Amino acid sequence: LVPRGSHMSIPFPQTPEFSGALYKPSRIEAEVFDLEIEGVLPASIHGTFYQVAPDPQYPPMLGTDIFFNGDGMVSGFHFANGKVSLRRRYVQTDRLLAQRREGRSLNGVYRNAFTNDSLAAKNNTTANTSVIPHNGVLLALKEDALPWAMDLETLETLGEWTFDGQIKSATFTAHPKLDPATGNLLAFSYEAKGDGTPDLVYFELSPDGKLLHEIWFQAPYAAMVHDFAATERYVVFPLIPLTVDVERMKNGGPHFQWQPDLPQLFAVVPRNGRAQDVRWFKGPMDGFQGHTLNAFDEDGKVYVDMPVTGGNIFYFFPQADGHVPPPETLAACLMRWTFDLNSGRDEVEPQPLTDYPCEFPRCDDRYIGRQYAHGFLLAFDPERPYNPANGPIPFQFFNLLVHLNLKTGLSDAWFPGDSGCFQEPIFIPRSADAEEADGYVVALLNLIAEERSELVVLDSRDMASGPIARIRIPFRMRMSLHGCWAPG
Ligand SMILES: [Fe+3]
């Protein structure tokens with residue numbers, strides 16, 4: 001390093017979080033006016049697939065970092081009349097612009113601003129986790145701060161979005177939902193009054209941005225609430241056993257720490273209710289709640305479907321003794337939780353809906369919060385062939401794109417070959433008439449031995465047959481986090 005002097009950018013680390021087809025940095029802001037398509041893209045698909053990826057503008061100041069900490073890079077694939085175009089742009093966060101001003105990374109440990117350079121922006125957010133259309137803009141979200149608005153067509157950054165000053169929490173979820181009956185934005189905040197606070201808030205916003213209802217209450221301790229579930233009548237907050245200690249953070253340590261002897265906790269509250277209506281339920285220890293597939297309620301009972309994993313998958317938030325289990329050890333599958341508000345019992349056990357591990361679930365947007373029978377999922381089957389030119393098996397490697405029928409319990413999956421894996425899918429209805437889950441499943445396919453990327457389109461009526469269309473991208477797309485479909 002010394003012979004590089006002080007005027008070069010420092011090298012990226014040679015760690016797994018910066019290596020291979022999935023995690024090597026890209027940093028490409030791009031416009032591709034027309035994409036090559038193999039196969040036949042249905043001409044009736046009309047709208048934009050937005051996705052956000054962490055994609056660090058600079059090598060991290062500390063010489064190491066986690067995937068979840070990268071500057072948000074939003075892609076929009078716009079589908080019209082059989083043609084697809086791509087725009088990819090950074091969210092111009094205060095954090096990004098400060099780093100660009102200095103020409104280097106100014107930010108330290110994930111969600112620990114005490115370890116930043118004093119020239120870092122005050123707002124620590126990277127707006128890197130999800131995207132959703134709301135009130136005429138695209139919101140780029142990350143759960144440590146308010147979201148950042150972008151122009152739906154150009155992906156120009158509009159600024160921090162405060163919802164016309166109505167949202168008074170310190171943070172806003174990256175897992176809001178759109179209510180399919182009203183178009184309301186259903187959202188929440190944890191650590192809602194600052195670092196380490198136990199405050200939780202539910203928010204409900206009209207499609208035109210008006211705050212319709214809020215419910216402030218407190219958890220028994222500060223914990224990660226990554227995703228949530230909203231039904232017709234209830235909201236459920238899953239508190240993952242990852243706890244916050246501000247003193248540990250002042251000393252340079254991680255924002256969260258896994259607690260292996262702390263029950264999974266759920267707060268269940270009426271959607272139009274108040275703090276005093278909150279009820280708490282407890283699940284097993286040493287397990288953690290994945291992303292919500294869907295949820296609904298009927299009579300006394302709230303049902304929530306999600307992956308549940310039997311131990312700490314977050315190696316960067318280790319328990320106090322430093323131990324982290326080998327990810328391969330951990331039992332995971334899709335589960336249904338049932339919260340019976342009329343029962344005597346606080347204690348819940350999740351019931352399996354699959355016998356295989358999976359993540360990145362997607363239901364039909366039109367059935368969010370309602371009784372439903374279908375989900376799309378990514379899964380990893382370790383017995384499928386794996387081309388050794390892929391390199392070592394990366395974090396968030398999923399070699400199957402799956403349609404699960406909840407009525408029969410059967411799965412219909414596409415395997416893309418031994419050099420392929422997937423990013424989070426979206427579902428596009430075949431028409432506004434179409435029955436539940438009848439349409440197209442669209443996802444990025446990473447061809448990791450070639451370091452190439454395609455956006456694939458499958459027909460939900462026959463997933464095993466593979467793509468009806470493969471949209472070739474002329475550069476490698478880094479692994480992403482969440483995306484959404486915005487219908488024209
Ligand atoms: Fe998420």
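Every heavy atom of this structure was used, including side-chain atoms; hydrogens, water molecules and symmetry mates were not. Every number for a ligand or one of its atoms is a count from 1 in the order of the listing. One-based numbering along the sequence shown.
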When you look at CD of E156, are more than 12 heavy atoms from neighbouring residues, nucleotides or ligands closer to it than 6.0 Å?
-> no

Taking side-chain hydrogen bond (donor to acceptor under 3.5 Å, both in side chains) as the test, write out the residues that go with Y315, two or more places apart.
-> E17

Checked the Fe ion (ligand 1): protein N, O or S atoms closer than 2.8 Å come out as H175 NE2, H226 NE2, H291 NE2, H482 NE2

Residues at least two apart in sequence or cross-chain that pass salt bridge (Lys or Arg N to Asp or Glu O under 4.0 Å) with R452, listed by chain then number, are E450, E454

Output all residues satisfying salt bridge (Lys or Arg N to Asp or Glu O under 4.0 Å) with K142, sequence neighbours left out; order by chain, then residue number.
-> none

Does any non-hydrogen side-chain atom of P318 lie less than 4.5 Å from one of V324?
-> yes

Check whether NZ of the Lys or CZ of the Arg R384 lies under 6.0 Å from the centre of the six-membered ring of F415 and within 45 degrees of that ring's axis.
-> yes

